[PDB]
Amino acid sequence: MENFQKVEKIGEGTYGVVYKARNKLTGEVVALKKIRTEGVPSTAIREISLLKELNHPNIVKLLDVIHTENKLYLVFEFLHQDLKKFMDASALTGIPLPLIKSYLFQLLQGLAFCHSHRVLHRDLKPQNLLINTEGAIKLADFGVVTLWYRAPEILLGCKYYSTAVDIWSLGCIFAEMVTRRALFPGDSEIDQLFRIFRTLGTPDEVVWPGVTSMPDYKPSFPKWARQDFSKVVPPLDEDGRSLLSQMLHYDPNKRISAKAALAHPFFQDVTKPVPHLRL
Ligand SMILES: CCN(CC)C(=O)c1ccc(Nc2nc(OCC3CCCCC3)c3[nH]cnc3n2)cc1
């Protein structure tokens with residue numbers, strides 16, 4: 001409130017409001033996240049302080065953690081646009097495929113890094129994915145909410161998330177970049193789940209061992225069949241469709257890791273193009 005000249009609200013995330021701000025001494029422009037409650041517990045400050053060492057060029061740098069008074073502010077490197085806006089700005093033509101590829105490759109590297117340190121994101125979405133004028137894309141935030149990108153194990157009530165929930169969300173985002181429609185626009189938990197079911201078929205014990213004994217699994221679920229995958233993401237080529245489907249496996253254990261996804265044939269001719277951004 002003292003050290004930081006608020007320039008503008010850029011929105012609210014799940015655990016607080018985010019401002020573009022200017023550091024009053026250093027002149028640095030930064031993303032200021034105010035966190036909002038019973039005094040700011042011991043646990044959270046420690047966990048958050050771990051994230052100051054989670055540094056990768058595809059992860060939005062956490063610059064500073066300020067616990068002052070009762071209050072907690074997170075200070076981040078500011079990026080100029082999010083992918084949501086950039087997709088809206090690209091609706092008429094679609095993001096060029098080489099750019100889509102580059103972005104996916106980069107995010108998978110950010111995930112591979114975070115995952116090898118046992119940190120998950122758990123709410124990856126187009127509003128969380130941040131781009132600059134140099135052709136880079138970064139993951140933001142590791143601590144009405146949208147369900148479009150929730151993994152089916154989360155919706156089916158598994159308490160113990162794995163790295164595979166991020167692979168799932170990334171898969172949904174990939175598809176969305178490619179088709180310019182959201183893959184699974186659920187407006188509630190069951191709507192989300194049944195939209196997943198309609199496209200990939202109701203999962204069973206064959207494709208997902210252990211599924212029928214999950215907390216919110218119901219034997220009364222409608223049993224839809226898998227839709228053809230070339231129907232789902234035209235005009236994604238065969239390499240991309242193949243990679244997509246390994247990212248969208250029901251069973252989190254069969255779901256491709258970030259690291260293996262980086263080795264997929266889809267990325268053989270990957271490049272880093274520079275987009276046109278209107279700021
Ligand atoms: C359509 C106009 N907008 C505003 C919607 C933009 O395109 C836009 C958006 C964001 C940035 N920059 C930005 N945003 C963050 O967080 C944003 C929150 C993430 C969690 C969910 C809610 C939003 C950041 N965190 C760390 N560095 C950040 N940099 C620049 C321009």
# chains A, B, ... in the order shown; residues from 1 in each chain; ligands from 1
>>> residues_around(residues="residue 133 (chain A)", least_positions_apart="6", cutoff="10 Å", atoms="only C-alpha atoms", output="list in words")
residues 79, 80, 81, 274, 275, 276, 277, 278 and 279 of chain A
>>> write_last_selection(atoms="N, CA, C and O atoms", output="PDB file, in the first residue's frame")
ATOM      1  N   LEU A  79       4.021  -9.722 -17.058  1.00  0.00           N
ATOM      2  CA  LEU A  79       4.045 -10.059 -18.510  1.00  0.00           C
ATOM      3  C   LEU A  79       2.953  -9.284 -19.196  1.00  0.00           C
ATOM      4  O   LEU A  79       2.015  -8.851 -18.535  1.00  0.00           O
ATOM      5  N   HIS A  80       3.053  -9.088 -20.514  1.00  0.00           N
ATOM      6  CA  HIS A  80       2.156  -8.117 -21.148  1.00  0.00           C
ATOM      7  C   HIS A  80       0.801  -8.575 -21.613  1.00  0.00           C
ATOM      8  O   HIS A  80      -0.110  -7.752 -21.758  1.00  0.00           O
ATOM      9  N   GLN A  81       0.641  -9.877 -21.829  1.00  0.00           N
ATOM     10  CA  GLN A  81      -0.668 -10.385 -22.274  1.00  0.00           C
ATOM     11  C   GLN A  81      -0.896 -11.811 -21.791  1.00  0.00           C
ATOM     12  O   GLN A  81       0.073 -12.567 -21.567  1.00  0.00           O
ATOM     13  N   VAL A 274       7.843 -15.466 -33.371  1.00  0.00           N
ATOM     14  CA  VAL A 274       7.476 -14.280 -32.614  1.00  0.00           C
ATOM     15  C   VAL A 274       6.063 -13.875 -33.063  1.00  0.00           C
ATOM     16  O   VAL A 274       5.844 -13.660 -34.255  1.00  0.00           O
ATOM     17  N   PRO A 275       5.094 -13.799 -32.122  1.00  0.00           N
ATOM     18  CA  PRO A 275       3.740 -13.390 -32.501  1.00  0.00           C
ATOM     19  C   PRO A 275       3.630 -11.878 -32.714  1.00  0.00           C
ATOM     20  O   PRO A 275       4.489 -11.120 -32.251  1.00  0.00           O
ATOM     21  N   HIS A 276       2.572 -11.449 -33.400  1.00  0.00           N
ATOM     22  CA  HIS A 276       2.203 -10.055 -33.327  1.00  0.00           C
ATOM     23  C   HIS A 276       1.203  -9.784 -32.220  1.00  0.00           C
ATOM     24  O   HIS A 276       0.082 -10.326 -32.199  1.00  0.00           O
ATOM     25  N   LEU A 277       1.659  -8.947 -31.294  1.00  0.00           N
ATOM     26  CA  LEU A 277       0.896  -8.541 -30.121  1.00  0.00           C
ATOM     27  C   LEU A 277       0.505  -7.080 -30.240  1.00  0.00           C
ATOM     28  O   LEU A 277       1.356  -6.231 -30.547  1.00  0.00           O
ATOM     29  N   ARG A 278      -0.772  -6.800 -29.981  1.00  0.00           N
ATOM     30  CA  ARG A 278      -1.264  -5.439 -29.838  1.00  0.00           C
ATOM     31  C   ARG A 278      -1.431  -5.240 -28.350  1.00  0.00           C
ATOM     32  O   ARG A 278      -2.260  -5.905 -27.726  1.00  0.00           O
ATOM     33  N   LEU A 279      -0.567  -4.376 -27.800  1.00  0.00           N
ATOM     34  CA  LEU A 279      -0.530  -4.022 -26.371  1.00  0.00           C
ATOM     35  C   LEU A 279      -1.165  -2.661 -26.147  1.00  0.00           C
ATOM     36  O   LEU A 279      -1.606  -2.339 -25.036  1.00  0.00           O
TER      37      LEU A 279
END
>>> closest_atom_pairs(of="chain A", to="ligand 1", cutoff="9 Å", atoms="only C-alpha atoms and all ligand atoms", output="Markdown table")
| residue | atom | partner | partner_atom_place_in_ligand_line | distance |
| --- | --- | --- | --- | --- |
| A:9 | CA | ligand 1 | 4 (C) | 8.1 |
| A:10 | CA | ligand 1 | 4 (C) | 4.6 |
| A:11 | CA | ligand 1 | 23 (C) | 4.8 |
| A:12 | CA | ligand 1 | 22 (C) | 4.7 |
| A:13 | CA | ligand 1 | 21 (C) | 3.7 |
| A:14 | CA | ligand 1 | 21 (C) | 6.8 |
| A:15 | CA | ligand 1 | 20 (C) | 8.6 |
| A:16 | CA | ligand 1 | 20 (C) | 8.5 |
| A:17 | CA | ligand 1 | 22 (C) | 7.7 |
| A:18 | CA | ligand 1 | 16 (O) | 5.9 |
| A:19 | CA | ligand 1 | 15 (C) | 7.8 |
| A:20 | CA | ligand 1 | 13 (C) | 7.3 |
| A:30 | CA | ligand 1 | 27 (N) | 7.0 |
| A:31 | CA | ligand 1 | 27 (N) | 4.7 |
| A:32 | CA | ligand 1 | 26 (C) | 7.4 |
| A:33 | CA | ligand 1 | 25 (N) | 7.4 |
| A:60 | CA | ligand 1 | 26 (C) | 6.1 |
| A:61 | CA | ligand 1 | 26 (C) | 7.8 |
| A:62 | CA | ligand 1 | 26 (C) | 7.9 |
| A:75 | CA | ligand 1 | 26 (C) | 7.7 |
| A:76 | CA | ligand 1 | 26 (C) | 4.9 |
| A:77 | CA | ligand 1 | 27 (N) | 5.2 |
| A:78 | CA | ligand 1 | 27 (N) | 4.1 |
| A:79 | CA | ligand 1 | 29 (N) | 4.3 |
| A:80 | CA | ligand 1 | 30 (C) | 4.1 |
| A:81 | CA | ligand 1 | 31 (C) | 3.8 |
| A:82 | CA | ligand 1 | 9 (C) | 4.8 |
| A:83 | CA | ligand 1 | 7 (O) | 7.6 |
| A:84 | CA | ligand 1 | 7 (O) | 7.4 |
| A:85 | CA | ligand 1 | 1 (C) | 4.9 |
| A:86 | CA | ligand 1 | 7 (O) | 7.2 |
| A:88 | CA | ligand 1 | 1 (C) | 8.9 |
| A:125 | CA | ligand 1 | 21 (C) | 8.1 |
| A:126 | CA | ligand 1 | 21 (C) | 8.6 |
| A:127 | CA | ligand 1 | 21 (C) | 5.2 |
| A:128 | CA | ligand 1 | 19 (C) | 4.7 |
| A:129 | CA | ligand 1 | 19 (C) | 7.9 |
| A:130 | CA | ligand 1 | 29 (N) | 6.6 |
| A:131 | CA | ligand 1 | 12 (N) | 8.3 |
| A:139 | CA | ligand 1 | 26 (C) | 8.7 |
| A:140 | CA | ligand 1 | 25 (N) | 5.7 |
| A:141 | CA | ligand 1 | 20 (C) | 7.0 |
| A:279 | CA | ligand 1 | 31 (C) | 8.2 |
>>> write_last_selection(atoms="C-alpha atoms", output="short mmCIF file (atom, residue, chain, number, x, y, z; two decimals), in the first residue's frame")
data_model
loop_
_atom_site.label_atom_id
_atom_site.label_comp_id
_atom_site.auth_asym_id
_atom_site.auth_seq_id
_atom_site.Cartn_x
_atom_site.Cartn_y
_atom_site.Cartn_z
CA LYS A 9 -6.44 -3.99 -11.77
CA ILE A 10 -5.78 -6.81 -14.23
CA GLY A 11 -8.27 -9.15 -12.48
CA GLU A 12 -8.90 -11.57 -9.62
CA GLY A 13 -7.53 -15.05 -9.48
CA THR A 14 -8.67 -17.75 -7.09
CA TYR A 15 -6.68 -16.62 -4.05
CA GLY A 16 -6.78 -12.80 -4.55
CA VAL A 17 -6.79 -9.64 -6.68
CA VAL A 18 -3.88 -8.87 -9.13
CA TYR A 19 -2.57 -5.36 -9.93
CA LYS A 20 -0.01 -4.04 -12.31
CA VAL A 30 5.51 -5.79 -11.48
CA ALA A 31 2.41 -7.90 -10.94
CA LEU A 32 1.18 -7.37 -7.37
CA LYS A 33 -0.97 -10.14 -5.95
CA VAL A 60 6.59 -16.45 -14.00
CA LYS A 61 9.35 -15.30 -11.56
CA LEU A 62 8.16 -14.64 -8.01
CA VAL A 75 5.20 -9.66 -6.21
CA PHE A 76 5.78 -11.27 -9.65
CA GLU A 77 7.47 -10.37 -12.98
CA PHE A 78 4.80 -8.60 -15.02
CA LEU A 79 4.05 -10.06 -18.51
CA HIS A 80 2.16 -8.12 -21.15
CA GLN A 81 -0.67 -10.38 -22.27
CA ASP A 82 -2.49 -13.58 -21.40
CA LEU A 83 -3.27 -16.38 -23.82
CA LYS A 84 -7.04 -15.95 -23.38
CA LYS A 85 -6.88 -12.37 -24.69
CA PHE A 86 -4.35 -13.42 -27.32
CA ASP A 88 -9.64 -13.67 -28.59
CA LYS A 125 -6.07 -22.07 -17.58
CA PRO A 126 -5.69 -19.63 -20.45
CA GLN A 127 -5.84 -16.65 -17.97
CA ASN A 128 -2.77 -18.19 -16.12
CA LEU A 129 -0.60 -18.54 -19.23
CA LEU A 130 1.42 -15.44 -19.93
CA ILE A 131 3.13 -14.24 -23.13
CA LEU A 139 3.08 -20.41 -16.28
CA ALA A 140 1.71 -18.19 -13.56
CA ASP A 141 0.61 -19.09 -9.99
CA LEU A 279 -0.53 -4.02 -26.37
#
>>> residues_around(residues="residue 184 (chain A)", least_positions_apart="6", cutoff="7 Å", atoms="only C-alpha atoms", output="count of residues only")
4
>>> closest_residue(among="A:22, A:164, A:177, A:39", to="residue 93 (chain A)", atoms="only C-alpha atoms")
A:177
>>> residues_around(residues="residue 210 (chain A)", least_positions_apart="2", cutoff="12 Å", atoms="only C-alpha atoms", output="mmCIF file with C-alpha atoms, in the first residue's frame")
data_model
loop_
_atom_site.group_PDB
_atom_site.id
_atom_site.type_symbol
_atom_site.label_atom_id
_atom_site.label_comp_id
_atom_site.auth_asym_id
_atom_site.auth_seq_id
_atom_site.Cartn_x
_atom_site.Cartn_y
_atom_site.Cartn_z
ATOM 1 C CA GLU A 153 -9.895 -37.696 -11.271
ATOM 2 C CA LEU A 156 -14.534 -37.871 -9.490
ATOM 3 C CA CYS A 158 -9.669 -38.233 -5.757
ATOM 4 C CA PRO A 203 -14.707 -44.528 -18.532
ATOM 5 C CA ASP A 204 -14.930 -48.023 -17.072
ATOM 6 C CA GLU A 205 -12.675 -50.589 -15.417
ATOM 7 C CA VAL A 206 -11.145 -51.508 -18.806
ATOM 8 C CA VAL A 207 -9.717 -48.061 -19.769
ATOM 9 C CA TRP A 208 -9.318 -46.829 -16.166
ATOM 10 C CA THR A 212 -15.761 -47.359 -10.363
ATOM 11 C CA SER A 213 -14.621 -47.185 -6.740
ATOM 12 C CA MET A 214 -13.848 -43.445 -6.760
ATOM 13 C CA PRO A 215 -15.696 -41.162 -4.280
ATOM 14 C CA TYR A 217 -18.319 -42.327 -9.285
ATOM 15 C CA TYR A 250 -8.538 -41.066 -18.312
ATOM 16 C CA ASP A 251 -6.179 -43.073 -16.092
ATOM 17 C CA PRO A 252 -3.663 -40.568 -14.626
ATOM 18 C CA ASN A 253 -0.996 -43.326 -14.610
#
>>> select_by_dssp(residues="region 43-273 of chain A", states="strand (DSSP E)", output="PyMOL selection string")
chain A and resi 62-68+71-77+81-82+129-131+137-139
>>> write_last_selection(atoms="C-alpha atoms", output="PDB file, in the first residue's frame")
ATOM      1  CA  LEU A  62       8.156 -14.641  -8.009  1.00  0.00           C
ATOM      2  CA  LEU A  63      10.227 -11.568  -7.208  1.00  0.00           C
ATOM      3  CA  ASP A  64       9.258 -10.940  -3.563  1.00  0.00           C
ATOM      4  CA  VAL A  65       7.041 -12.230  -0.726  1.00  0.00           C
ATOM      5  CA  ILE A  66       5.894  -9.540   1.661  1.00  0.00           C
ATOM      6  CA  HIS A  67       4.160 -10.542   4.879  1.00  0.00           C
ATOM      7  CA  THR A  68       3.358  -7.209   6.445  1.00  0.00           C
ATOM      8  CA  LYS A  71      -1.431  -9.120   5.188  1.00  0.00           C
ATOM      9  CA  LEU A  72       0.422 -11.035   2.422  1.00  0.00           C
ATOM     10  CA  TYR A  73       1.425  -9.684  -0.982  1.00  0.00           C
ATOM     11  CA  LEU A  74       3.127 -11.669  -3.702  1.00  0.00           C
ATOM     12  CA  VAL A  75       5.204  -9.657  -6.208  1.00  0.00           C
ATOM     13  CA  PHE A  76       5.777 -11.270  -9.647  1.00  0.00           C
ATOM     14  CA  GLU A  77       7.465 -10.367 -12.975  1.00  0.00           C
ATOM     15  CA  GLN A  81      -0.668 -10.385 -22.274  1.00  0.00           C
ATOM     16  CA  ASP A  82      -2.488 -13.582 -21.395  1.00  0.00           C
ATOM     17  CA  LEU A 129      -0.603 -18.540 -19.231  1.00  0.00           C
ATOM     18  CA  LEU A 130       1.417 -15.441 -19.928  1.00  0.00           C
ATOM     19  CA  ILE A 131       3.125 -14.239 -23.132  1.00  0.00           C
ATOM     20  CA  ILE A 137       5.019 -18.170 -22.740  1.00  0.00           C
ATOM     21  CA  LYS A 138       5.050 -18.635 -18.943  1.00  0.00           C
ATOM     22  CA  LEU A 139       3.084 -20.411 -16.277  1.00  0.00           C
TER      23      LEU A 139
END
>>> atom_distance(atom1="CA of residue 237 (chain A)", atom2="CA of residue 147 (chain A)")
27.2 Å
>>> atom_distance(atom1="CA of residue 262 (chain A)", atom2="CA of residue 101 (chain A)")
11.0 Å
>>> select_by_dssp(residues="region 11-260 of chain A", states="alpha helix (DSSP H)", output="PyMOL selection string")
chain A and resi 42-50+83-88+97-116+152-155+164-179+189-200+238-247+258-260
>>> residues_around(residues="residue 21 (chain A)", least_positions_apart="3", cutoff="6 Å", atoms="only C-alpha atoms", output="number ranges by chain")
A: 4-7, 29-30
>>> residues_around(residues="residue 264 (chain A)", least_positions_apart="3", cutoff="9 Å", atoms="only C-alpha atoms", output="list in words")
residues 239, 243, 260, 261, 267 and 268 of chain A
>>> write_last_selection(atoms="C-alpha atoms", output="JSON list (two decimals), in the first residue's frame")
[["chain", "number", "residue", "atom", "x", "y", "z"],
["A", 239, "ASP", "CA", 1.36, -36.34, -34.65],
["A", 243, "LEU", "CA", 0.10, -36.47, -28.59],
["A", 260, "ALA", "CA", 7.95, -37.82, -22.34],
["A", 261, "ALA", "CA", 5.66, -35.37, -24.17],
["A", 267, "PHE", "CA", 7.99, -31.62, -31.60],
["A", 268, "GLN", "CA", 10.57, -32.71, -34.19]]
>>> closest_residue(among="A:216, A:40, A:222, A:175", to="residue 104 (chain A)", atoms="only C-alpha atoms")
A:175
>>> residues_around(residues="residue 269 (chain A)", least_positions_apart="3", cutoff="10 Å", atoms="only C-alpha atoms", output="list in words")
residues 98, 101, 102, 265 and 266 of chain A
>>> write_last_selection(atoms="N, CA and C atoms", output="CSV table (one decimal), in the first residue's frame")
chain,number,residue,atom,x,y,z
A,98,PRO,N,2.8,-23.4,-36.1
A,98,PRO,CA,4.1,-23.3,-35.5
A,98,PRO,C,4.2,-22.6,-34.2
A,101,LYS,N,2.6,-24.9,-31.5
A,101,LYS,CA,3.6,-25.9,-31.2
A,101,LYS,C,4.6,-25.3,-30.2
A,102,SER,N,5.2,-24.2,-30.6
A,102,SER,CA,6.2,-23.5,-29.7
A,102,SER,C,5.7,-23.3,-28.3
A,265,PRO,N,7.2,-37.2,-31.3
A,265,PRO,CA,7.5,-36.8,-32.7
A,265,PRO,C,6.9,-35.5,-33.1
A,266,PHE,N,5.7,-35.1,-32.6
A,266,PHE,CA,5.1,-33.7,-32.9
A,266,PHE,C,6.1,-32.6,-32.7
>>> closest_residue(among="A:248, A:178, A:232, A:124", to="residue 97 (chain A)", atoms="only C-alpha atoms")
A:178
>>> atom_distance(atom1="CA of residue 59 (chain A)", atom2="CA of residue 119 (chain A)")
12.0 Å
